[PDB]
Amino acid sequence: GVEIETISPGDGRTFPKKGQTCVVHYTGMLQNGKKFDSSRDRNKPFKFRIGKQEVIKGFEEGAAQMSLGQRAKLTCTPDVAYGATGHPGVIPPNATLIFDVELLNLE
């Protein structure tokens, strides 16, 4: 599943709701240490809708349990990420993924 380790606490009150758009900054790396992406380096926060299966299960389950302003390390086992298939040309089969996510806003 998804394991969450807080980097900085959020407000402890405002969490993503049904129908809301999450606005985050993230950095992703393979558990071996290779960084594969960062919304921070492109200076553009990442947006996705809660409950719309837009992102991998671990990323959305991690964000759903975060409050506004929280930053956390999410460790995603392959069954909540890209599983046996991987993501073509970027994420191999059976990859555990680490995401550093900050919940910036809810729209």
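Throughout, we count residues from 1 along the sequence that is shown.
Asker: Between 44-52 and 22-30, which has the larger average Cα B-factor in the PDB entry?
Answerer: Going by the record's values, the stretch with the higher mean is 44-52.
Asker: Would you mind comparing 33-41 and 56-64 for me and telling me which has the higher average C-alpha temperature factor in the entry?
Answerer: Averaged over C-alpha atoms, the B-factors run higher in 33-41.
Asker: According to the PDB entry, is the CA B factor of residue 89 in the bottom, middle or top third of its chain, that is, lowest, middle or highest?
Answerer: For residue 89, the deposited C-alpha B-factor lands in the highest third.
Asker: Split into thirds by Cα B-factor across the chain's modelled residues, where does residue 3 land: lowest, middle or highest?
Answerer: Top third by C-alpha B-factor.
Asker: Could you tell me which third, lowest, middle or highest, the C-alpha B-factor of residue 104 occupies within its chain?
Answerer: For residue 104, the deposited C-alpha B-factor lands in the middle third.
Asker: Using the B-factors in the PDB entry, rank residue 12's C-alpha atom against the chain and give the third, lowest, middle or highest.
Answerer: Its C-alpha B-factor, which the entry lists for residue 12, ranks in the highest third among residues of this chain.
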